[PDB]
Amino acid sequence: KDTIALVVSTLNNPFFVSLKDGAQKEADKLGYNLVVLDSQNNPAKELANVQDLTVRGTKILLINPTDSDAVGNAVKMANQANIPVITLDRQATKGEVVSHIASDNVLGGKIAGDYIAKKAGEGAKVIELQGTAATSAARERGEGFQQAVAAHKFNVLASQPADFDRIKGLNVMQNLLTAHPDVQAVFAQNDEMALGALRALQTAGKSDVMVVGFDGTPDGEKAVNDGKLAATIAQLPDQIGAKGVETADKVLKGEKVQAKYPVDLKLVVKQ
């Protein structure tokens, strides 16, 4: 069996666990050996992961960048080693990439903003918990959210990165809460930060604040169902992973593939 490598940004996020399971199930299906490497959100670790794979007989590299701008050196090393690179979920700003597979994060952010305006009303006072700064996913969701801010005249009280992490999202929201107790709604750029934000609101006794997450992970869907999370934009991580391995197969078989493959989003609300 030919080996396909999957370098994922982190395995400490349910979203990336499902992405890995999607790839594993498709690799099993198509008869490939799948090696999984965790970069642990560290560009230095990511680079070393890629350097080690280029000599393991890896035929194709599926990579989820820890940083869209810094991953360029790793992609270029794969390029020198003649190993095709497919990015999943986040882009690579530099280096040659065969195909990129992800959601429309600009649309995702806009839909989140529109839903908030529908519930909390136009001109609502909002806070935004942004993802890791140098990732295409976070940059795009902020951009889509900025279109909603302008359309619905939201008053953005504060906007700060909590790095797609639940504990950080918790602490950042705790601090912004003390400084802006008049917040009406919060857009968290992933479900982990949205879950952390809910816990901060719980600790602070603020039951009145509407929170919108992003991903539709098991925990995020449970919160929406329990009525704790107002909504989440569901992604299809398992299908981003499957589409990556499927696309890896086509490349290895000499079939040309599209440069971009979108994966649908869906607004998830209770009922």
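A residue's number is simply how far along the shown sequence it sits, counting from 1.
- Stretch comparison (113 to 121 versus 132 to 140) by mean CA B-factor in the PDB entry places 113 to 121 on top.
- Checked against the record, the higher mean CA B factor of 4 to 12 and 261 to 269 lies with 261 to 269.
- When the Cα B-factors of 39, 202, 232, 68 are read from the PDB record, 202 comes out highest.
- Comparing the C-alpha B-factors of 53, 63, 212, 236 in the entry, the top value falls on 53.
- When the modelled residues of the chain are ordered by their C-alpha B factor, residue 220 lands in the middle third.
- Remark: residue 177 belongs to the highest third of its chain, ranked by C-alpha B-factor as recorded.
- Sort the modelled residues of the chain by CA B factor and residue 152 lands in the highest third.
- For residue 93, the recorded CA temperature factor ranks within the highest third of the chain's modelled residues.
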